[PDB]
Amino acid sequence: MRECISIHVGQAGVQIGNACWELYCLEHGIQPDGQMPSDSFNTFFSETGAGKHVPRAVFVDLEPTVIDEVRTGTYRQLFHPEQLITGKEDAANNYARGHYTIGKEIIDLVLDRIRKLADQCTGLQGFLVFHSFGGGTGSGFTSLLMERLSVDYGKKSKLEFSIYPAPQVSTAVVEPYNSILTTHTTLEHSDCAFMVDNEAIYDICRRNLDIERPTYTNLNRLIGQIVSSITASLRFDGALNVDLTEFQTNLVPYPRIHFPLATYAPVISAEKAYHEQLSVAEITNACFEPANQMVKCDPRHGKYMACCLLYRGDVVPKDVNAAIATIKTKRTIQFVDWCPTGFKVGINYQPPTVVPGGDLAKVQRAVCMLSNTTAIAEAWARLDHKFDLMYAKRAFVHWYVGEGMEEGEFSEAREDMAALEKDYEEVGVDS
Amino acid sequence: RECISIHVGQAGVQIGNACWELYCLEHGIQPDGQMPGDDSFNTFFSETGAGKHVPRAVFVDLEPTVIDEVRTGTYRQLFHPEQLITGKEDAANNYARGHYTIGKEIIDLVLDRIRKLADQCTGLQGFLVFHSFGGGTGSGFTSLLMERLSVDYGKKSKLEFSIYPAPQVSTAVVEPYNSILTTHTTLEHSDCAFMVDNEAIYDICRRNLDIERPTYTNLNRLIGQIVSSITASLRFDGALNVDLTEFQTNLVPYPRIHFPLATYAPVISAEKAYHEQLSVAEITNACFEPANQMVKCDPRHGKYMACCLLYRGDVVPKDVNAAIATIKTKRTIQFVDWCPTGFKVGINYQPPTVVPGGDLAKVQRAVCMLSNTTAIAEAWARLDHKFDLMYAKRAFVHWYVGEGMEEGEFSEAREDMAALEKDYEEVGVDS
Amino acid sequence: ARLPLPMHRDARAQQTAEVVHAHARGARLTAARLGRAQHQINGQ
Amino acid sequence: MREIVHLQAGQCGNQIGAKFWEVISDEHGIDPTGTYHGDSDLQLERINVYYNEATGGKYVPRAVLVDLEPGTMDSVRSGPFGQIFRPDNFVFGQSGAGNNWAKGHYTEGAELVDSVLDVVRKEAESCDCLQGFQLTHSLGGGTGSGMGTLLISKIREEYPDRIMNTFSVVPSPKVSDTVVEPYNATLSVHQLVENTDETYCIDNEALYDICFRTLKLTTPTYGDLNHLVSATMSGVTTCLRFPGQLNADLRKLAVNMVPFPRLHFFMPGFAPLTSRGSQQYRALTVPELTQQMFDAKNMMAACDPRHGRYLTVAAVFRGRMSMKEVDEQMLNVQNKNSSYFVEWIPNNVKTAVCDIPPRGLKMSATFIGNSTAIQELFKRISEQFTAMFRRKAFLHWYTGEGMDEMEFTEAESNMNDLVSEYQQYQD
Amino acid sequence: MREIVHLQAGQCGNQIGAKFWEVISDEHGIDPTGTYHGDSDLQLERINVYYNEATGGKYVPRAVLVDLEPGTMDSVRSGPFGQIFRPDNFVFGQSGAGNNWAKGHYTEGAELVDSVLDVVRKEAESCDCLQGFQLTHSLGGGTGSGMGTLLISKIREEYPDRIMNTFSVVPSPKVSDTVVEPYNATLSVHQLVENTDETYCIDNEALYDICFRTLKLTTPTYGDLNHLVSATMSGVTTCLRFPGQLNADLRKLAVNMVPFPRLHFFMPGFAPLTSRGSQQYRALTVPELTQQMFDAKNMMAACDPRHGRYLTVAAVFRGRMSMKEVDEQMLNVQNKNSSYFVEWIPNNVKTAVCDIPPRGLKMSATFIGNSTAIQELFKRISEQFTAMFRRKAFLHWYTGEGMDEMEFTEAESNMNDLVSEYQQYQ
Amino acid sequence: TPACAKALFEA
Amino acid sequence: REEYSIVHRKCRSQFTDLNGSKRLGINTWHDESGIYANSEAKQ
């Protein structure tokens, strides 16, 4: 009765959801036709009476080419056909298309397949939102969906794993116009938020693993290893357990300040896994390290507002508490003035699973950390340059204005984020 | 009880094969790494859960082709890959290449790597550093290693076996520019520091052993017979014992004067080995005889400032404490008056080992003294001899200046050891 | 000068150590005078 | 004739008090299904203190298990002795407290408090003469401490003449697995002051010092820590269940150690804790039980009584032993030390002898002490409450539940006077 | 009724803590396991001076072994009689000094003194009526001398009336292994003298003078030196455990031997030193035991009263023997001691008779006795502390622990006059 | 120090 | 040539490092006894 309903919006969102849902069928016993050959599955998979398990997932796109591989792939029998929503012409790298002109065609229809999924749910813990800031329906329509969810459900928990646009390596020209006009929907309409950009995931697969030339499959496999380690305290039992309410209690000090940072500790290859020692004190060193961090911002510039660690496998609270005290001692890190207790500890019995054809090695310990840092205020202020650089000479604004947008949103949502950079400044300056 | 080798140079890696072949037969280690607990090895080798024993060493070179012969040698599976650090271009008999311009890319990885081979050390006695003053990495980056290494640890131990150039036969012309700009910097950045000249080892090898036409490996055997004896009392039980902090305590009277130099006693061949007796007295006369030393500096001109003794094998504390008294009798030997006793005796029970391809037989008694002497001030006088016989007409100086450097660092590092030649002067006059 | 010199923390210790044996010496006397007093106390 | 109604609150409160019942049931010879298989009659003559009768010669405990989420009320039921409890006494809500002291005191735990005072009155009005309740809880969680002080605040008013003992697990000084710890513990110690007869203070850090340095285990666990709590819970209440040469109830310790009504925070301990290897050398006499109650490393609180003064001392001895040799050692420690004992009480130690020893031991011993070095605990909670509360860090997770900011400002000044209360019995 | 708590201190402290406890175990019938296999019943009467009782009929020594390096405590457990020590008693640092008195006396050992002083107050208040303690340490080390005098300094400020003893290992004029040994030894004798009751000097030249010149051994170890040292160290506590006609505690071997509370330096000896070819010609008569102590070829400190006075001398005798001959043979040589004794003490010799002989024997004897030929020990130490401090030899090792030069300056002058205190009787 | 001197005078 | 000789060589240090990263098999207490691998020096 601990249900969470997954929403995936965009080609970024759909292909992430093909990696998460191929992961959970292996973590439990579900084959691709739905059949368990045998209630740990019950926060994700529903059930019919005929021994078939069907996910609590919604796949959303404005273009038919992305989902039409899910409908004829291997897992074409896992999904009920109504859950794979498709438009007819995509939003085409445009906030105004996906929010105002093309997004209203599908906002009526996806808000009905959410109600049927959240009426089978006795205790709904909270939704999960997968999108990317850069695209049309990833930024535009997701802003329209969140604006409707805050009235439909009110005080429910909503989470957003996102993809911030990477600072230099990027695949677009109108990338900053979307990625600054999506701040208000991630400021006033999300309860927690995670921004992991593709450039920092690139620096792990070529360095920690032996994958030179990683395609996007090797990037989406690692984001399943953060979703599952956040939610394996819901399904598989533990010595200590945290729900979705219990970490945002212990990580979010003020309601404007809901942007943590994610890290998963042993990313090792089976070439090198013969050599490393892989204890519980050894992996918790590496969540704290500015090379294994998952967005290209360095927390040694900033003050750690809180933490939340999540340990899997064969871990005892003796070994958890022994290496926490080592982390406290080093003055290479610096906690904030008014967080002296600091941490939060979750100890789960289930070892992390192994995907075949994947990349990592079969381990018996792991850590997933969500920490909140004042050194997130460099990632948006790097993009603050590249928007007002391009907006100074009024480029590309004729596309958005003619697609049902007033031009005041360019000069308001820029100052909707220009307060949040000075907001993050004052909540890290000492008494 | 850990003791981390840090070997810098191609002479770092030509000596990181001889020392570690000795350390894979002194303890019965297969070249895979395994061994047909004993825990004598725990200063040097690590352990994994498969019964494998990786050395706690990092090798530094800037030439990529001196380490690729290690990675395809006999011991290609013994060393974990990440420990043998290479550049992409070398520094080519130059200070500021390897000190200020090229070593800035290898200063990051080895300072990340030594904070993993020193994270495993509950009690780390001290790092070791072996280098040649000649080329760039053994001069520049080796100078650049220690300055940051002082910051990173403070008052942990740094030892320096080194390769000073010979008084007449040298590899190059711009060794003195690298030989003198390290000895300025390595004054306050070295705890103890030994010296050796290769032609001094030449005068021992084909003379005292019966092996003309050597190679550097037939020299590199003998340095391993000394690097093991300093740590001989740490891995095998003794009647007395001496650790790494203790021998420097009785040998460093002033914190600039930390430069000892002496030899190893029973360096005789297997046609002179099983024919003569080699008592405890018959080996100490050799370490006091100047023709069998291991530097080209003769202490008949000098005063034996402080000493240290390392006994291996079938010694009894009687004849150890008996031939010491005969040293006092002869007045060829001259102690200085302000060091009245002068010795530290470390008696080890374990006899030394014969290596395959070595030259010396299996011998029960041995001595490796480390005596400071004021006849090390004829070294520096013969190297200010040839620096100012080369800096007089401003030769070669254009090489170093435009390599991120200033002309002033020649003069102040030449005027520095002008008064360090007075520091070794005042201890030779008595009131 | 306005900058901390590269080395000096040792001097910091030197300064306090002086105070150590310093105040220590004075108290030594106080107890010493007291000791004769006690010895005399013992006599009476 | 003298019943005790057990209460227990939270995941800390149930993982402590499920191992305590396995301790007691093998102290009285009760199999895992509940029936009696023993070889004495002192095991059975005073079993009505804790066990309600059932049918067919089967005994069920007087325990009520409260919690705010159903996940930790199925690990308890699926343990070894989990089938002995009556299933009605299991109380659990459906939505957690969330480590939120307000959520369990005002919002979630104010509708569960009405559903457990039906359970605790069916077990209190079925006793011939009720001695007094208990509690086992932690001052770091949300349902142990939020709702768990709402119970004591309520059932002191309905039953004001009985005994209300508590076994707190107050937050640890060094190890801290919750950032929002100090708002929990500061707002809860005010409710302990007015409504509680005795309160013990147990730090989980000082349980870790025993199980590594002294007991010498390779792997401690939260069963080797819940064995140390339960071996002190049994020592205070063993003169109620077993005859002695000198008795001590639950009242007779509170009469003697609590002089003034605001000062009821104690410091447990337990004497014979020895290793396998060192057992051949140890385990000798009665001077080796007074040696190790009073050893300052054995205290179950992470506060050292060398910093201050023992207001009152207590000791409960177990085993059939000499009434002289017990009394000569307490005279021996009260006279060698001077400034560890308050001036205005000249007999600071109370003694008790119980005949039937603990399980597997031939003799044992137990300690309670009362210190003015317990007020270094509250000067360290209040250094990390007003550190956070100065710049108003986690305030929306409590104010939006129905509180206000001056409920915080009074609760610090309801601790900054008990600190300065204990500082005037200092001199 | 009378207990003794024994203190080792250092690597030399521990390898002398082996064979003293070896020979006491053989003196009182103790197997390598620990229990008692006795052929008498005087071997369990007063055994509780030294051994704590344990369960099952065991007997563990009242010994606390200290060292600032774990590498030679674990060899002591590895030794022959290493299984008889309860393992709490070792007090082990992580990295000690190792020929540096300063680190042990302020920086490294000065925070290990606060951990032994828990342990020694466990083995002191476990006893009923404690009689004393005892030290055996090496002056040349960093732990037994640096930290080891912070024991004696602190422990005399909590137990002032009880007795303490030291078997000092002073460095020797030729048998040395340390440059830095005068700063080690000179900077503790005042911390020794102002505190301690008894001293004895144990110089390893003297043990070499016994084994070669008398016992005729080929390869003596320190194991053949620890027996000769500890054959004396049972002999000063002999009548504590075995009765007699006339008794002598270590207390009463001081109250007739300590006139002034800084004049306590000694020079032992031991009677039976015969080679195993000269064990054949054992006349074994009461002249035979005495005349080695008067002989200058036995004395266990490298010092000779040809240059000095046999000032105040003591004899302790082992063997059920005749009380007329014990006090006759002393007088047969005392009359010719004409420039060998001072004039102002007329009956110097304190005697004792211990009836139980040493294990495997029937008679022996022992001597400890003060002299003014021991102020030539200390000046030969400090002729080489003034041949080496005027050029500031190893000073950088020493000022970096807060030590000023006045501590150096005092403990030259704070021992130059104690030599002149001992001097005037010559 | 003045208090100690007063104590010595009293003694 | 000489063989793998454990006559003089040392063993595990009991007092220095006190953890079970050195002992094989399951232990529950500290192994505090005088029994070494090099217990054969005396014989």
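Residue numbering: from 1, along the chain as shown.
Cβ coordinates are placed from backbone N, Cα and C, and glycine is handled just like the others.
These come from Swiss-Prot:
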ACT_SITE  A:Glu246  active site
BINDING   A:10-12, A:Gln15, A:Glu63, A:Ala91, A:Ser132, A:135-138, A:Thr171, A:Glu175, A:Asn198, A:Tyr216, A:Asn220, A:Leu244  GTP binding site
BINDING   A:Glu63  Mg(2+) binding site
MOD_RES   A:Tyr274  3'-nitrotyrosine
MOD_RES   A:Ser431  phosphoserine
Residues near A:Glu175 (GTP binding site) in space but at least six apart in sequence (CB under 8 A): A:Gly134, A:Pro165
Euclidean distance between Cα atoms of A:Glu246 (active site) and A:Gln15 (GTP binding site), Å: 29
In the chain carrying A:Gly10 (GTP binding site), residues 6 or more apart in sequence that have Cβ under 8 angstroms from it: A:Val60, A:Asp61, A:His131, A:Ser132, A:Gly135, A:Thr137, A:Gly138, A:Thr142
Rounded distance in angstrom between the Cα atoms of A:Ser431 (phosphoserine) and the residue listed as 'active site': 28
Between A:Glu63 (Mg(2+) binding site) and A:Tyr274 (3'-nitrotyrosine): CA-CA distance (Å): 45
Subset of recorded positions A:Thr137, A:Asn220, A:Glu246, A:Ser431 within reach of chain B (CB-CB under 8 A): none
Intermolecular Cβ proximity, binding-site residues A:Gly10, A:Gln15, A:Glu63, A:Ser132, A:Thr137, A:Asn220 versus chain D, under 8 Å: none
Recorded positions (A:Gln15, A:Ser132, A:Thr137, A:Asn220, A:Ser431), the one with most neighbouring Cβ atoms at 10 Å: A:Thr137
Recorded positions (A:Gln15, A:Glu63, A:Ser132, A:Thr137, A:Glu246, A:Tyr274) in Cβ proximity to chain F, threshold under 8 Å: none
Cβ neighbours of A:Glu246 (active site) where a neighbour is any other Cβ within 10 Å: 22
Cβ-Cβ distance under 8 Å to A:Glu63 (Mg(2+) binding site), same chain, at least six residues away: A:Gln11, A:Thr86, A:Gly87, A:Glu89, A:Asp90
Rounded to the nearest Å - Cα separation of A:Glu246 (active site) and A:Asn220 (GTP binding site): 26
Per DSSP, three-state class assigned to A:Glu175 (GTP binding site): helix
